[PDB]
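Below is coords-v8.cif, which holds mmCIF, C-alpha atoms.
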data_final
loop_
_atom_site.label_atom_id
_atom_site.label_comp_id
_atom_site.auth_asym_id
_atom_site.auth_seq_id
_atom_site.Cartn_x
_atom_site.Cartn_y
_atom_site.Cartn_z
CA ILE A 21 57.61 160.76 133.05
CA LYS A 22 58.25 163.71 130.72
CA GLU A 23 55.22 164.92 128.75
CA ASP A 24 56.98 164.56 125.40
CA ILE A 25 57.80 160.90 126.07
CA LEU A 26 54.19 160.05 126.97
CA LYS A 27 52.79 161.94 123.99
CA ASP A 28 55.02 160.07 121.54
CA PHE A 29 53.89 156.77 123.06
CA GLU A 30 50.18 157.61 122.99
CA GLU A 31 50.51 158.66 119.36
CA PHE A 32 52.46 155.50 118.57
CA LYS A 33 49.86 153.33 120.29
CA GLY A 34 47.01 155.21 118.62
CA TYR A 35 48.60 154.59 115.23
CA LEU A 36 48.89 150.86 115.88
CA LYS A 37 45.32 150.70 117.19
CA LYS A 38 44.10 152.38 113.98
CA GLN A 39 46.11 149.85 111.95
CA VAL A 40 44.37 146.97 113.72
CA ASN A 41 40.87 148.39 113.37
CA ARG A 42 41.38 149.17 109.69
CA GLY A 43 42.70 145.66 109.10
CA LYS A 44 39.85 143.98 110.98
CA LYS A 45 37.20 146.05 109.20
CA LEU A 46 38.69 145.29 105.78
CA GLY A 47 38.70 141.63 106.74
CA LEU A 48 35.08 141.88 107.78
CA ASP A 49 34.32 143.48 104.40
CA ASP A 50 35.64 140.29 102.78
CA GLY A 51 33.81 137.96 105.16
CA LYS A 52 36.94 137.01 107.07
CA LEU A 53 38.21 137.30 110.62
CA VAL A 54 41.71 138.77 110.68
CA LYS A 55 43.94 138.46 113.76
CA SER A 56 45.52 141.53 115.37
CA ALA A 57 48.93 139.84 115.47
CA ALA A 58 48.78 139.23 111.71
CA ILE A 59 47.99 142.91 111.04
CA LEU A 60 50.77 144.18 113.31
CA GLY A 61 53.15 141.64 111.84
CA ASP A 62 52.35 142.86 108.31
CA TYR A 63 52.89 146.44 109.49
CA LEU A 64 56.34 145.60 110.84
CA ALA A 65 57.18 143.67 107.66
CA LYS A 66 56.69 146.92 105.73
CA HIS A 67 59.79 148.50 107.26
CA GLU A 68 58.33 152.03 107.44
CA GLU A 69 60.83 154.78 108.33
CA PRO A 70 61.03 155.01 112.15
CA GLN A 71 59.69 158.38 113.36
CA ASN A 72 60.34 157.88 117.08
CA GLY A 73 62.24 155.66 119.51
CA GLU A 74 59.30 153.26 119.77
CA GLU A 75 59.32 152.47 116.05
CA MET A 76 63.11 152.47 115.93
CA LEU A 77 63.24 149.85 118.70
CA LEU A 78 60.49 147.72 117.12
CA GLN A 79 62.21 147.70 113.73
CA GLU A 80 65.55 146.77 115.30
CA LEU A 81 63.97 143.97 117.36
CA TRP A 82 62.21 142.71 114.24
CA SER A 83 65.50 142.67 112.30
CA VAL A 84 67.16 140.20 114.72
CA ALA A 85 64.14 137.96 115.35
CA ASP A 86 63.66 134.49 113.91
CA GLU A 87 60.25 133.31 112.64
CA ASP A 88 58.94 132.19 116.04
CA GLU A 89 60.22 135.34 117.75
CA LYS A 90 58.43 137.45 115.15
CA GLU A 91 55.07 135.84 115.90
CA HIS A 92 55.55 136.22 119.65
CA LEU A 93 56.70 139.83 119.40
CA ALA A 94 53.64 140.67 117.29
CA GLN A 95 51.40 138.90 119.83
CA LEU A 96 53.03 140.77 122.72
CA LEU A 97 52.60 144.05 120.82
CA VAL A 98 48.87 143.32 120.47
CA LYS A 99 48.55 143.11 124.26
CA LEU A 100 50.47 146.38 124.52
CA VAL A 101 48.06 147.99 122.05
CA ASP A 102 45.04 146.43 123.71
CA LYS A 103 45.78 147.80 127.18
CA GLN A 104 48.11 147.61 129.05
CA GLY B 19 69.15 157.54 104.72
CA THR B 20 65.47 158.08 105.46
CA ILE B 21 66.00 157.67 109.23
CA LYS B 22 66.80 161.04 110.79
CA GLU B 23 70.26 161.15 112.34
CA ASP B 24 68.95 161.96 115.81
CA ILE B 25 66.62 158.93 115.88
CA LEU B 26 69.62 156.76 115.03
CA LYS B 27 71.94 158.42 117.53
CA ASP B 28 69.35 158.05 120.29
CA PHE B 29 69.09 154.35 119.46
CA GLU B 30 72.87 154.00 119.35
CA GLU B 31 73.08 155.54 122.81
CA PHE B 32 70.22 153.36 124.08
CA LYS B 33 71.97 150.27 122.73
CA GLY B 34 75.21 151.43 124.37
CA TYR B 35 73.45 151.82 127.72
CA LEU B 36 72.19 148.23 127.56
CA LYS B 37 75.64 147.03 126.57
CA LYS B 38 76.88 148.92 129.66
CA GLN B 39 74.39 147.07 131.86
CA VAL B 40 75.57 143.73 130.47
CA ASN B 41 79.32 144.33 130.72
CA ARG B 42 79.08 145.52 134.31
CA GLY B 43 76.76 142.64 135.14
CA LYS B 44 79.12 140.09 133.64
CA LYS B 45 82.06 141.78 135.39
CA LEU B 46 80.43 141.44 138.81
CA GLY B 47 79.69 137.77 138.27
CA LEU B 48 83.15 137.01 136.90
CA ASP B 49 84.76 138.53 140.00
CA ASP B 50 82.74 135.96 141.96
CA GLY B 51 83.73 133.04 139.75
CA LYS B 52 80.30 132.91 138.15
CA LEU B 53 79.03 133.10 134.59
CA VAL B 54 76.04 135.41 134.23
CA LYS B 55 73.80 135.37 131.16
CA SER B 56 73.10 138.61 129.31
CA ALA B 57 69.37 137.84 129.24
CA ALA B 58 69.32 137.50 133.03
CA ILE B 59 71.05 140.87 133.41
CA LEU B 60 68.74 142.66 130.97
CA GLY B 61 65.75 141.02 132.67
CA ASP B 62 66.84 142.32 136.06
CA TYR B 63 67.31 145.72 134.40
CA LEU B 64 63.75 145.82 133.08
CA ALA B 65 62.53 144.49 136.45
CA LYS B 66 63.81 147.73 138.04
CA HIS B 67 61.09 149.71 136.28
CA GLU B 68 63.42 152.68 135.76
CA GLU B 69 61.80 155.87 134.47
CA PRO B 70 61.90 155.83 130.63
CA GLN B 71 64.16 158.52 129.16
CA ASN B 72 63.33 157.88 125.52
CA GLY B 73 60.91 156.10 123.17
CA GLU B 74 63.04 152.95 123.24
CA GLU B 75 62.76 152.63 127.01
CA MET B 76 59.10 153.58 127.03
CA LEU B 77 58.21 150.82 124.56
CA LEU B 78 60.33 148.27 126.46
CA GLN B 79 58.68 148.99 129.79
CA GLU B 80 55.19 148.91 128.29
CA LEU B 81 55.95 145.56 126.61
CA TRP B 82 57.36 144.23 129.88
CA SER B 83 54.22 145.29 131.75
CA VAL B 84 51.96 143.07 129.61
CA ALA B 85 54.33 140.10 129.27
CA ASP B 86 53.83 136.75 131.00
CA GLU B 87 56.84 134.86 132.41
CA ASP B 88 57.74 133.14 129.13
CA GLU B 89 57.35 136.33 127.09
CA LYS B 90 59.67 138.18 129.48
CA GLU B 91 62.39 135.56 129.07
CA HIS B 92 62.00 135.63 125.28
CA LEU B 93 61.96 139.44 125.01
CA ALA B 94 65.14 139.60 127.12
CA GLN B 95 66.72 137.05 124.77
CA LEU B 96 65.74 139.11 121.71
CA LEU B 97 67.11 142.25 123.34
CA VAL B 98 70.47 140.52 123.86
CA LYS B 99 70.58 139.77 120.12
CA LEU B 100 69.73 143.43 119.45
CA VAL B 101 72.52 144.64 121.74
CA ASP B 102 75.07 142.31 120.09
CA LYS B 103 74.05 143.38 116.58
CA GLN B 104 76.55 144.40 113.87
#
Take the structure in the file and give it back as C-alpha coordinates.
Amino acid sequence: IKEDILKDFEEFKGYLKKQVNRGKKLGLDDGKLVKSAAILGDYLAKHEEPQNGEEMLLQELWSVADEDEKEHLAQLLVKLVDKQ
Amino acid sequence: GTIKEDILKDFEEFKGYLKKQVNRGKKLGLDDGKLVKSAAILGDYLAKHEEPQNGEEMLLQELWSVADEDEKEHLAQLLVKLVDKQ
(Lines of atoms letter the chains of each structure in order from A and count residues from 1; the text may use other names and numbers.)
(Lines give C-alpha, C1' and ligand atoms only; values in the text may rest on other atoms or scores of the structure.)
Protein backbone atom coordinates (compact mmCIF):
# COMPACT_ATOMS: atom_id res chain seq x y z
CA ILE A 1 0.00 0.00 0.00
CA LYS A 2 1.50 3.29 -1.20
CA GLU A 3 3.17 5.40 1.49
CA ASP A 4 1.05 8.47 0.71
CA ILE A 5 -2.19 6.53 1.18
CA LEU A 6 -1.12 5.18 4.58
CA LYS A 7 0.12 8.57 5.76
CA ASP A 8 -3.18 10.26 4.92
CA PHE A 9 -5.03 7.56 6.85
CA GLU A 10 -2.79 7.74 9.93
CA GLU A 11 -3.19 11.52 9.97
CA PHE A 12 -6.95 11.17 9.52
CA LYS A 13 -7.15 8.63 12.34
CA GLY A 14 -4.90 10.73 14.57
CA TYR A 15 -7.17 13.72 14.03
CA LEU A 16 -10.26 11.74 15.02
CA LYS A 17 -8.48 10.28 18.06
CA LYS A 18 -7.57 13.81 19.18
CA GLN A 19 -11.21 14.86 18.71
CA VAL A 20 -12.37 12.05 21.00
CA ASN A 21 -9.81 12.72 23.72
CA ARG A 22 -10.53 16.45 23.70
CA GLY A 23 -14.26 15.75 23.92
CA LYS A 24 -13.90 13.23 26.75
CA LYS A 25 -11.60 15.51 28.75
CA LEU A 26 -13.95 18.47 28.36
CA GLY A 27 -16.77 16.22 29.52
CA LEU A 28 -14.71 15.16 32.50
CA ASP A 29 -14.11 18.85 33.27
CA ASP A 30 -17.89 19.22 33.58
CA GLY A 31 -18.35 16.05 35.63
CA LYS A 32 -19.86 14.10 32.75
CA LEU A 33 -19.01 10.98 30.78
CA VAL A 34 -19.20 11.67 27.05
CA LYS A 35 -19.42 8.81 24.53
CA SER A 36 -16.95 8.55 21.63
CA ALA A 37 -19.78 8.01 19.15
CA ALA A 38 -21.44 11.26 20.26
CA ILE A 39 -18.20 13.21 19.75
CA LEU A 40 -17.55 11.73 16.31
CA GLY A 41 -21.17 12.27 15.38
CA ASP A 42 -20.93 15.95 16.37
CA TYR A 43 -17.73 16.22 14.32
CA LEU A 44 -19.46 14.84 11.22
CA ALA A 45 -22.46 17.11 11.81
CA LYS A 46 -20.10 20.09 11.45
CA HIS A 47 -19.56 19.42 7.74
CA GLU A 48 -15.90 20.49 7.72
CA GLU A 49 -14.32 20.83 4.26
CA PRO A 50 -12.99 17.39 3.23
CA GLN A 51 -9.18 17.45 2.95
CA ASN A 52 -8.68 13.86 1.80
CA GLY A 53 -10.59 10.88 0.41
CA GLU A 54 -11.32 9.59 3.91
CA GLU A 55 -13.18 12.74 4.93
CA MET A 56 -14.81 13.05 1.52
CA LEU A 57 -16.21 9.52 1.82
CA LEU A 58 -17.39 10.04 5.41
CA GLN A 59 -19.19 13.26 4.54
CA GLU A 60 -20.88 11.63 1.54
CA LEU A 61 -21.95 8.60 3.59
CA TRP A 62 -23.28 10.92 6.29
CA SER A 63 -25.30 12.88 3.70
CA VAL A 64 -27.33 9.81 2.63
CA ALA A 65 -27.77 8.23 6.06
CA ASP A 66 -30.98 8.24 8.08
CA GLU A 67 -30.97 8.79 11.86
CA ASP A 68 -30.28 5.16 12.78
CA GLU A 69 -27.60 4.82 10.11
CA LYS A 70 -25.88 7.92 11.47
CA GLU A 71 -25.61 6.44 14.96
CA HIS A 72 -24.29 3.13 13.64
CA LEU A 73 -21.78 4.78 11.31
CA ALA A 74 -20.46 6.88 14.20
CA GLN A 75 -20.23 3.75 16.37
CA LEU A 76 -18.39 1.86 13.63
CA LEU A 77 -16.03 4.82 13.19
CA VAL A 78 -15.20 4.67 16.90
CA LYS A 79 -14.04 1.07 16.51
CA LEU A 80 -11.98 2.15 13.51
CA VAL A 81 -10.38 4.91 15.59
CA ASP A 82 -9.92 2.63 18.58
CA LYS A 83 -7.96 -0.03 16.70
CA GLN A 84 -8.50 -1.71 14.28
CA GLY B 1 -16.60 25.65 -3.58
CA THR B 2 -14.36 24.97 -0.60
CA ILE B 3 -13.73 21.35 -1.68
CA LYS B 4 -10.70 21.21 -3.97
CA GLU B 5 -11.57 20.00 -7.46
CA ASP B 6 -9.21 17.01 -7.26
CA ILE B 7 -10.80 15.69 -4.04
CA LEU B 8 -14.17 15.83 -5.80
CA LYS B 9 -12.93 14.26 -9.01
CA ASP B 10 -11.28 11.43 -7.08
CA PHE B 11 -14.58 10.80 -5.32
CA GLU B 12 -16.50 10.97 -8.59
CA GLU B 13 -14.16 8.35 -10.04
CA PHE B 14 -14.42 6.22 -6.90
CA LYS B 15 -18.21 6.40 -7.07
CA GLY B 16 -18.06 5.49 -10.77
CA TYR B 17 -15.92 2.43 -10.00
CA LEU B 18 -18.50 1.18 -7.49
CA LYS B 19 -21.28 1.83 -9.97
CA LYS B 20 -19.20 -0.26 -12.42
CA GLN B 21 -19.04 -3.12 -9.92
CA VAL B 22 -22.82 -3.02 -9.47
CA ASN B 23 -23.79 -2.83 -13.15
CA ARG B 24 -21.53 -5.72 -14.10
CA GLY B 25 -22.75 -7.68 -11.09
CA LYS B 26 -26.38 -7.12 -11.98
CA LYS B 27 -25.61 -7.96 -15.63
CA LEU B 28 -24.13 -11.33 -14.71
CA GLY B 29 -27.12 -12.24 -12.57
CA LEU B 30 -29.64 -11.08 -15.15
CA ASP B 31 -28.04 -13.30 -17.80
CA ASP B 32 -28.76 -16.18 -15.41
CA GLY B 33 -32.36 -15.17 -14.79
CA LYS B 34 -31.55 -13.92 -11.31
CA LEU B 35 -31.99 -10.62 -9.51
CA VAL B 36 -28.89 -9.58 -7.58
CA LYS B 37 -28.96 -6.87 -4.92
CA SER B 38 -26.51 -3.98 -5.11
CA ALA B 39 -25.63 -4.40 -1.43
CA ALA B 40 -24.69 -8.04 -2.02
CA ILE B 41 -22.42 -7.05 -4.90
CA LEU B 42 -20.72 -4.24 -2.98
CA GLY B 43 -20.32 -6.59 0.00
CA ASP B 44 -18.58 -9.19 -2.16
CA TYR B 45 -16.41 -6.36 -3.51
CA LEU B 46 -15.26 -5.29 -0.05
CA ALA B 47 -14.81 -8.96 0.87
CA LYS B 48 -12.09 -9.16 -1.81
CA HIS B 49 -9.82 -6.94 0.28
CA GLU B 50 -8.44 -5.23 -2.83
CA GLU B 51 -5.46 -2.92 -2.28
CA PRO B 52 -6.76 0.62 -1.59
CA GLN B 53 -5.88 3.11 -4.34
CA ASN B 54 -7.24 6.20 -2.61
CA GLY B 55 -8.50 7.58 0.71
CA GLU B 56 -12.04 6.46 -0.07
CA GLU B 57 -10.99 2.83 -0.45
CA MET B 58 -8.65 2.97 2.51
CA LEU B 59 -11.42 4.18 4.84
CA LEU B 60 -13.87 1.59 3.48
CA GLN B 61 -11.50 -1.32 4.03
CA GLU B 62 -10.59 -0.14 7.54
CA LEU B 63 -14.29 0.20 8.42
CA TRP B 64 -14.97 -3.25 6.98
CA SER B 65 -12.17 -4.76 9.06
CA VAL B 66 -13.79 -3.72 12.36
CA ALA B 67 -17.41 -4.39 11.38
CA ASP B 68 -19.51 -7.27 12.72
CA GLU B 69 -21.92 -9.12 10.40
CA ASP B 70 -24.81 -6.68 10.88
CA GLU B 71 -22.58 -3.62 10.47
CA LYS B 72 -21.21 -5.02 7.20
CA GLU B 73 -24.71 -5.47 5.78
CA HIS B 74 -25.69 -1.95 6.87
CA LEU B 75 -22.52 -0.29 5.55
CA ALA B 76 -23.04 -2.01 2.19
CA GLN B 77 -26.62 -0.70 2.17
CA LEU B 78 -25.43 2.84 2.91
CA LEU B 79 -22.81 2.58 0.18
CA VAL B 80 -25.52 1.64 -2.33
CA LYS B 81 -27.40 4.83 -1.40
CA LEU B 82 -24.15 6.77 -1.85
CA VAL B 83 -23.55 5.25 -5.28
CA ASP B 84 -27.12 6.04 -6.41
CA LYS B 85 -26.91 9.64 -5.17
CA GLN B 86 -27.94 12.66 -7.28
Exercise. Please write the residues picked by the PyMOL selection byres ((chain B) within 7 of (chain A)) on this file as number ranges by chain.
Key: B: 20-21, 25, 29, 69-70, 72-74, 77, 80-81, 84-85, 96-97, 99-100
Practice problem: May I ask for the distance between CA of residue 55 (chain A) and CA of residue 88 (chain A), given in Å to one decimal place? | Solution: 16.4 Å
Quiz item: Near region 54-67 of chain B, within 10 Å and counting all atoms listed in the file, which residues show up once chain neighbours fewer than 4 positions away are dropped, as a ChimeraX atom specification?
Solution: /B:36-37,39-48,75,78-80,82-83,90-99,101
Practice problem: Grab the CA of residue 56 (chain A) to CA of residue 35 (chain A) distance for me, in Å with one decimal place. | Solution: 13.4 Å
Region 84-92 of chain A: axis-aligned bounding box, 4 Å on each side, centre and edge lengths in Å, one decimal, as JSON:
{"center_x": 61.1, "center_y": 136.2, "center_z": 116.1, "size_x": 20.1, "size_y": 16.0, "size_z": 15.0}
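In this structure, CA of residue 68 (chain B) sits 17.4 Å away from CA of residue 28 (chain B).
Using all atoms listed in the file, the residues found no farther than 8 Å from residue 94 (chain A), other than those of its own chain fewer than 6 positions away, are residues 57, 58, 60 and 61 of chain A.
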